[PDB]
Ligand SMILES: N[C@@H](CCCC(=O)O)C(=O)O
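Consider the single chain below, provided in structure tokens and representing the form solved without the ligand.
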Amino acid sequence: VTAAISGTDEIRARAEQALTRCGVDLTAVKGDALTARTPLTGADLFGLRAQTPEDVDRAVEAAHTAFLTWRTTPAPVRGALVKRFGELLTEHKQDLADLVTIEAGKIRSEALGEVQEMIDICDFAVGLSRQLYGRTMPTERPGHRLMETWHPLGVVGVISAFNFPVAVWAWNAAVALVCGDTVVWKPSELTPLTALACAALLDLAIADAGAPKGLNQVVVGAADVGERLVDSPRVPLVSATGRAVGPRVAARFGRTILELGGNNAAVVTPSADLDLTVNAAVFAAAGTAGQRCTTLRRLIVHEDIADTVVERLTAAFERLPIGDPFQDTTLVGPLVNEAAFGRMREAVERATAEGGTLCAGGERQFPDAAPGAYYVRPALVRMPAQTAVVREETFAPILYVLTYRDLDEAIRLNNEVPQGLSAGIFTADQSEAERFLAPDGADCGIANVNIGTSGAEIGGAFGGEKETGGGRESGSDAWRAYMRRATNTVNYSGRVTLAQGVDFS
């Protein structure tokens, strides 16, 4: 139950080294308006310059200028830029992953994985640059041709959260760039440094490619900066990941991609492989300290095996190594800030008040080793019913355990929450697996068999349903949200249908 944590100064030096290697000019970005910080110790690292709302508008207009050139640049040439950027990400993978650990608190292997996701979406987007497929199709009209074409849309506003500080932007920017769009990115106020590093690498790729300078810009600021971006008439698409954005953008006839959180469950049936299940559940519940939109928060377990599953998860949660995310031994790093810790404790108290039993975890670990940081053991809570606290997502590592008998009851328990991001079923039974994925099964955007709620990869469309917000990012044909469809009828016959047969001559 004890851990050595890196000092703020050692963290700052590592951040500075990483930023400089990624080509950031520290003198130019430093200032006294905002502050970079680290959840590893809770402390401020150094001050940053901020953009004003007026600067956001200047950025959007510059991005629109760039768009006017980029939209007629051939998609395969646009893909060459993205290929160059992927090369630079590859070259600086370890440097960027350092920044991700520093700002989001993720363990090293997860930080590296997030940067690799960026590299993987660049590879995918380079492929898409020769596709972006529309259709050709028959027309009913003699001597006509009909097709559907896809065109670049305009400036895309990207609003990202602290928890995936680089991959969410990459999913959006790699795709948007190859689609002939330009990007203005408002990163989380908690994670500016990762964004600055990403932007500097992309600016080098842009300079190497001879591409337009305003293809991507980062706006560093607080909430008034984000609002100005959301409200811009020159931003036809806003992608927001990790609540008010949908209706405000719809009001000005813009488009949104929303992925707004998840309250994700897994069903454990009587035939589940318990070794597989426990391993999967622990990773999905405890990974990233319970701060993924896809984190496992509800486990719906058949009454015949619930006691044994709870025993095993209790033991696994008790053995989880919690500590500095730079240490190879660490599996759980810190929560992002005090507010997060407070919400976690409030939820666990309310759960025991609504009838629950705390089985494992929930306590702050080694508070005196880093007093400004909140390292916590993931909580396992057995619940007699799916009460309000279980239905209302807390962004923390709390796994509520519910029991069921009939699979249709498990499905109902999965579906009855307002969120609809991901779901999983652990079963050896062919029919149960298929029933879960059927139209009357789990209602979520992602529905998996024998893999947890974080089972997703670049090639799939990523997003959810219900209050998650309906958007899709990354794979399949999510790229269509970054373009506009045109239906084109071409007459080569020299004639038109004459109304009531009349020829006006």
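Note that residue numbering follows the sequence shown and begins at 1.
Might you work out how many residues are unmodelled in the deposited sequence between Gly242 and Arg243, and answer none, 1 to 3, 4 to 9, or 10 or more?
4 to 9 residues are missing.
Quick one: higher average CA temperature factor, 210-218 or 74-82?
Here the higher of the two C-alpha B-factor means belongs to 210-218.
Going by the B-factors listed in the PDB entry, is the mean over the C-alpha atoms higher for 148-156 or for 374-382?
Looking at the record's C-alpha B-factors, the answer is 374-382.
Highest recorded C-alpha temperature factor, please, choosing from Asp429, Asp203, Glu354, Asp181.
Reading the PDB entry, the winner on C-alpha B-factor is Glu354.
Of the residues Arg130, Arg319, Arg298, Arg135, the one carrying the largest Cα B-factor as recorded:
Spelled out: the listed residue with the top C-alpha B-factor is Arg319.
Taking the C-alpha B-factors as the PDB entry records them, is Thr387 in the lowest, middle or highest third of its chain?
Ranked within chain, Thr387 CA B lands in the highest tercile.
Looking at the C-alpha B-factor of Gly31, is it in the lowest, middle or highest third of its chain?
According to the entry, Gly31 has a C-alpha B-factor in the chain's highest third.
Would you mind checking where the Cα B-factor of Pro53 ranks among the modelled residues of its chain, as the lowest, middle or highest third?
Top third by C-alpha B-factor.
Going by the CA temperature factor in the PDB record, which third of the chain does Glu103 belong to: lowest, middle or highest?
Middle third - that is where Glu103 ends up once the chain's C-alpha B-factors are sorted.
Consider only the C-alpha atoms of the modelled residues in this chain, order them by B-factor as the entry records it, and name the third containing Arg312: lowest, middle or highest.
As the PDB entry reports it, the C-alpha B-factor of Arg312 lands in the highest third of its chain.
The protein also exists as the form deposited with the ligand bound; that form is not presented, and the subsequent description refers to it.
With the ligand left out of view, which of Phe462, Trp479, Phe67, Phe436 would have a heavy atom within 4.5 Å of it in the entry with it bound?
Looking at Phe462, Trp479, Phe67, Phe436 one by one, just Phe462 meets the 4.5 Å heavy-atom criterion.
Only one of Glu259, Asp98, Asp324, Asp181 comes within 4.5 Å of the ligand in the entry with it bound by heavy atoms, so just point that one out.
Contact check passes for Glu259.
Residue-level question: is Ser129 within 4.5 Å of the ligand in the entry with it bound, judged on heavy atoms?
The answer is no: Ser129 has no heavy atom within 4.5 Å of the ligand.
Does the ligand get within 4.5 angstroms of any non-hydrogen atom of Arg78 in the entry with it bound?
No, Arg78 is distant from the partner.
If you check in the entry with it bound, is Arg298 within 4.5 Å of the ligand, heavy atoms only?
It does not: once the ligand is placed as it appears in the entry with it bound, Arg298 has no heavy atom within 4.5 Å of it.
At the 4.5 Å heavy atom threshold, is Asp120 in contact with the ligand in the entry with it bound?
No, no contact at 4.5 Å.
Report whether all of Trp171, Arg292 and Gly455 sit within 4.5 Å of the ligand in the entry with it bound, measuring from non-hydrogen atoms.
Checked in the entry with it bound: all three residues contact the ligand.
Candidate stretches 221-229, 342-350, 381-389, 161-169, one within 4.5 Å of the ligand in the entry with it bound by heavy atom
It is the stretch 161-169.
Across 224-241, which residues bring a heavy atom to within 4.5 Å of the ligand in the entry with it bound?
Sequence-ordered list has one entry, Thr241.
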